[PDB]
Amino acid sequence: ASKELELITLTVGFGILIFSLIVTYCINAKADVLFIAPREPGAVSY
């Protein structure tokens, strides 16, 4: 059952990263607006 447990643990880790990203992303945009600074679509390069 260790496998199932390992998978669940990894699932949470990935979820945490997603939220963290959405948090830093929202802040990054706020700054770009706070001072009419360069802005790109979804900050996606290329």
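Residues numbered from 1 in each chain as written, not as in the entry; some residues may be left out. Heavy atoms only, no water.

Asks: Tell me about the overall build of the chain, and name the residues and values.
Replies: Secondary structure summary: the chain contains 1 helix and 0 strands in total. Taken along its principal axes, the extent of the C-alpha atoms in the chain is 55 × 20 × 5 Å. Looking at the chain as a whole, 0% of its 46 residues are labelled buried. When the accessible surface of the chain is summed, it comes to about 4600 Å², and 74% of that surface belongs to carbon and sulfur atoms. (Helix = DSSP H or I, 4+ residues; strand = E, 2+ residues; numbered from the N terminus. Buried < 20%, exposed > 50% of the residue type's maximum accessible area, 1.4 Å probe, protein only. Areas by Shrake-Rupley, 256 points an atom, 1.4 Å probe, with all protein chains shown as cover.)

Asks: Which residues make up unusual backbone geometry, and what values go with them?
Replies: Even without being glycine, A43 reaches a positive phi, approximately 50°. Structurally, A43 can be placed in the segment after α1 (2–34). Its identity as a non-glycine residue notwithstanding, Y46 has a phi of 55°, on the positive side. Take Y46: it is sitting in the segment after α1.

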